[PDB]
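**Q** Sequence and experimental coordinates follow.
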Amino acid sequence: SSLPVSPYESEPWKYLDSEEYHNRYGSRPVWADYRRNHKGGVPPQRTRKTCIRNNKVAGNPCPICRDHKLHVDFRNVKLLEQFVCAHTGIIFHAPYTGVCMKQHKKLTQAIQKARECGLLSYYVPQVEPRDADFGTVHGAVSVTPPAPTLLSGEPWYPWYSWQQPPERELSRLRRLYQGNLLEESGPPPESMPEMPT
Amino acid sequence: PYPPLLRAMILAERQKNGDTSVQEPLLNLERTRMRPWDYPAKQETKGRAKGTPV
Amino acid sequence: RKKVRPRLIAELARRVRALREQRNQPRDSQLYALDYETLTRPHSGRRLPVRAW
Amino acid sequence: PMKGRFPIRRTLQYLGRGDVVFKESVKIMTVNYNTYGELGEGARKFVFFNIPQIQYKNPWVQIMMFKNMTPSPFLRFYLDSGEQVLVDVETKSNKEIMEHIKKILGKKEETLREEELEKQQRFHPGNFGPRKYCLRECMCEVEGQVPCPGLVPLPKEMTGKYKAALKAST
Amino acid sequence: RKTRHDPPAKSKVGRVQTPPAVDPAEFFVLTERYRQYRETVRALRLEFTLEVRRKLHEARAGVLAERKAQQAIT
Amino acid sequence: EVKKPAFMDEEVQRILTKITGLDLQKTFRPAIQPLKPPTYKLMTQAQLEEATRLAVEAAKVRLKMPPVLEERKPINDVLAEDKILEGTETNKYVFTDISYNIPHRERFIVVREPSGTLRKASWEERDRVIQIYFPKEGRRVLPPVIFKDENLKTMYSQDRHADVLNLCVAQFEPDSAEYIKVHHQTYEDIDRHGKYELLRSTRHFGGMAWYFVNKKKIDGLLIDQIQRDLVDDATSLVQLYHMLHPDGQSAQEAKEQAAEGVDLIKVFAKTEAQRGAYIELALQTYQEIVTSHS
Amino acid sequence: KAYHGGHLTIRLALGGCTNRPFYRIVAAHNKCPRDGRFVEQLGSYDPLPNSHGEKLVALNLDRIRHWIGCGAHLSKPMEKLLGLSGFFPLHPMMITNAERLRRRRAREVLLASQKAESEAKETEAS
RNA sequence: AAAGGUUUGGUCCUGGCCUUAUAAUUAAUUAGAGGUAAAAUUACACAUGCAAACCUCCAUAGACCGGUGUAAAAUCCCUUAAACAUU
Ligand code: FES
Ligand SMILES: [K+]
Ligand SMILES: [K+]
Ligand SMILES: [Mg+2]
Ligand SMILES: [Mg+2]
Ligand SMILES: [Mg+2]
Ligand SMILES: [Mg+2]
Ligand SMILES: [Zn+2]
């Protein structure tokens, strides 16, 4: 239950410049000398879900998992570049490098975060401006003349406000619905009452 | 008056087309006035119940 | 196609049914009869709404 | 190896290279050509190379070809008005024949572009629906909008299961 | 949902209508709002009905429509 | 009043294009994208020269400069104030007209606030919703995080100024404050570090020189153009400076002496140059090298 | 299905997942299923506030005007949406419900003051 | 398919079978919780409950929604015409 502790956890980029990295890997990618063990000639379309379960390591740990000092961080661009095509800039699928699905998702997120912060370069296409015309004189983006009701402060339509019914009409309804009536309601509050708290 | 958004779309189109005016768009309600709900309806076009007893 | 075949029974049924409706048309005295004790129409059993009682 | 001579004629790219799109008046195009001779070489090449391209862009036009019925090759178009347009293609290259018929009875580039835009009037990018018809199936796909509960669990307070429990507690 | 040929339930034979009670002041105010609202919406539906027919006629027999027809024949 | 020259003036576009330059190898540098097998054609010297001409025609369309506009003015217009709806809603409604054939700057996008006010959507709200319903390739609904000063400084360290600007054109509108902010930050970084070569043979060179002329700091660009043996460009830059600042002491001095060619640059050094002493030294050194060698 | 009778209507078609509702504004024959065959999609409504706290409605106001001009009815939720936008007048029940909510909060505020006054009597008792 | 194994004393050719990839159902063994999607042996027989009302009487609706894949090479696409139990 004791996984080894890497000295480069704080600064992962340091490992890839150290002599220890050069001796083990040289100038080749960290996945160059890895082969997957599988039945048949056509391999499964996904790699194993994960190489490490509860501090235990699988039989043939993947390039990332086999070396604990290797750290998948958006800041460790030199490691991330090994998992991106230099010519097309497409991130390799997991079977290509043989990394487990857990580390591939972690690598993809680190690559995407590195690109968004500008640490890792990518190709920016040249795109034309959205609009052919850049005028701002249409009413939609300009000032509409204020409506007469808006200047006076009245409701847009008169029936928006409560207009007291005539007394004769209130009696006409009390006769029509005699025996099934509710208490008469007066004018509603002028504004919304502040919520009690 | 016209509804608030539909009024602004009318005034905006005026300015775009070069029509300069401060006239307020107005809806005409005379052509489309509704009868009361209890107004007698057309009996000739009304249905009759069927002759199968329940 | 040409394997679609006539449906005589359906043709006979439609006409016969329509004829019976014309022969046995009900009258207003029957369709709109009412039992005032229950306020329900005997022809159809429809109970009138409460606001009409 | 694809069978036949010039198997490129049996590719969708070649069939789509045709540029002669007839006007709606054109209904029939009869091709009278001779299989032997020297002045009818362009006509024979036109039947070999160009007739497939013309039919591909004009599926509703009847192209019927007759062989060795007359001394010289010609094209006769039958229009919907009842007019008959005779073309004489003797001593004319297959490329020349295509350009001639394009000029007299071919739709212009402007007309074809207008039809394409009108065809796509009812596709809107903002519209949501299946991938076959729309870019996005649901608003959860849009950035900043509430994500799909399947991918990302919703907050408990936004769930009917939780809301029902509180109402019982009340 | 049931068809007209289905038998009615035996738990709802007793059912009778309970009409809602009516507030005189609010019922009248609401009845007037519906009449005035529905008149405004009928005026707008007519304005929209006219733009549809105007746009249709311009396309069918507008200035541009007539010129293109003759231009093609020429 | 003599009209102030504009960015799109045919005279300004001529001068800005010339100083920008062209380089078919830089303009058509290979893109890091999914690749296809190359094609091959056997061509004579005439055919090859024709193909090179078409390449220069395409490089012109590729180098079309993006618009330089003034900052838009905040939209603050209230269509209505329906107070009956106060307190009946907790969240704002944003309504967008998505009729296909309306220009985006002529669409009506309104907001119904919880207080009941019906107002027009602000510029930031307009751009967000137009991306949600008319999505543009390259643009994201929410502003990316690369445009933060710390992130932008990283791109500048990597000499990726043409990328910072290509991203600023894909995401922001030319008249937006964010667009103007990033451009003026990139142009200022190029000046301080003398990295004018990064934007040559690119569509972003014109806006950079335009910005320097208006801000009266063409000294660095002249010193760099002279040291690269591009002294016809330096003269054209001094002409553009004498065109947008006609009443400047330098422009009036060149009329008095009818200066032309290298004379124009010498006039600028004495009259209005912030660092005139260096412009003469670099200009003199260029003359010595040209005269001594040839 | 082969419908007989009915009219075109503009209504909201429910999409999304559980606890994540999303609506498509569509023009459809009234007898069709809620999420089934439609004639045209006229916009969308997302009833859940987004990151900016904004409920997003999209209206194809050119096509909406076309279908109202051809007899298309409107569902009551869609009549409410057009009223909030400003394209239609506020619906009668939108105003009535806002008045009922005002009268209902006035009672609550008054009761709280009465309770506070009753609590004040408790304070007087000490 | 980027292929592989397998006829012979041996080699080459021809040719089939099978392996490796992907998915659904069932079964054996095994298994924590959470979010989401889906739910399906059978047009065989069905206990019981519910699934269509509304409404000042007339009418309107129950012709929909929902279900199954019965029948039929049954269809697609397109043209013309006229209607609707409609708006
Ligand atoms: S698919 Fe959009 S909420 Fe689930
Ligand atoms: K074999
Ligand atoms: K053998
Ligand atoms: Mg009635
Ligand atoms: Mg099972
Ligand atoms: Mg169904
Ligand atoms: Mg069968
Ligand atoms: Zn691993």
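**A** Received it, and whenever you're ready, just let me know what you need. Numbers count the residues shown, from 1 in each chain, chains lettered A, B, ... in the order given. Ligands and ions are numbered 1, 2, ... in the order given.

**Q** Shouldn't residue G:58 be within a helix?
**A** No: going by DSSP: H, G, I helix; E, B strand; the rest coil, the assignment for residue G:58 is strand, not a helix.

**Q** does it have beta-bridge partners, and which?
**A** residue F:96, residue G:44 (DSSP bridges).

**Q** for chain A, longest helix please?
**A** The single longest helix within chain A, with elements called by DSSP state H, is helix A:101-116.

**Q** try chain G
**A** Chain G, longest helix under DSSP H: helix G:92-125.

**Q** That one - contacts with which helices or strands?
**A** Helices and strands touching helix G:92-125, by 3 or more CB pairs under 8 Å, 6 or more residues apart in numbering or on different chains; DSSP states H and E, are helix E:24-61, helix G:76-85. The way it works is simple: take the backbone N, C-alpha and C, and place the C-beta from them, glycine included.

**Q** Number of residues surrounding residue F:29?
**A** Using other CB atoms under 10 Å in any protein chain shown, residue F:29 is surrounded by 10 other residues.

**Q** So what does it have for phi and psi?
**A** phi -60, psi 140 (degrees, to the nearest 10).

**Q** which residues sit in contact with it?
**A** Going by CB atoms under 8 Å, 6 or more residues apart in numbering or on different chains, residue F:29 touches no other residue.

**Q** same check, this time on residue D:146
**A** Applying CB under 8 Å, 6+ apart, we find residue D:146 in contact with D:140, D:154, G:20, G:46, G:48, G:49, G:50.

**Q** Surely the last one touches residue D:140?
**A** Yep, that's residue G:50 we're talking about. No: contact between residue G:50 and residue D:140 fails when scored by CB atoms under 8 Å: they sit 10.9 Å apart.

**Q** Rebuild the contacts of residue D:146 as CSV, extending it with distance to residue F:32.
**A** Shown next, in CSV, are these (distance: CB to CB, whole Å):
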residue, distance to residue F:32
D:140, 32
D:154, 39
G:20, 38
G:46, 37
G:48, 39
G:49, 40
G:50, 34
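
**Q** Please pick the buried ones from those residues.
**A** By neighbour count, with 16 or more other CB atoms under 10 Å in any protein chain shown, the contacts of residue D:146 hold D:140, D:154, G:20, G:46, G:48, G:50 as buried.

**Q** Residue D:12 and residue A:161, how far apart?
**A** Applying CB to CB, to the nearest Å, the value for residue D:12 to residue A:161 is 68 Å.

**Q** Between those two, which is the more surrounded one?
**A** Taking neighbours as other CB under 10 Å, residue D:12 and residue A:161 compare with residue A:161 leading, 16 against 8.

**Q** Return the residues in contact with the more buried one.
**A** Contacts for residue A:161 (CB under 8 Å, 6+ apart) come out as A:155, F:84.

**Q** Go again with 7 Å.
**A** By CB atoms under 7 Å, 6 or more residues apart in numbering or on different chains, residue A:161 lies in contact with residue A:155.

**Q** name the element the residue nearest the centre of chain F belongs to?
**A** Residue closest to the average C-alpha location in chain F (CA atoms, centre = their mean): residue F:207, at 3.3 Å. Secondary structure assignment for residue F:207, by DSSP states H and E: helix F:205-214.

**Q** by contact count, what packs against that helix?
**A** The helices and strands touching helix F:205-214, judged by 3 or more CB pairs under 7 Å, 6 or more residues apart in numbering or on different chains; DSSP states H and E, are helix F:10-20, helix F:177-192, helix F:231-244.

**Q** How about the contacts made by the residue of chain B found nearest chain C?
**A** Nearest residue of chain B to chain C: residue B:51, at 4.1 Å (CB to the nearest CB). Contacts for residue B:51 (CB under 7 Å, 6+ apart) come out as C:21, C:24, C:25, C:26.
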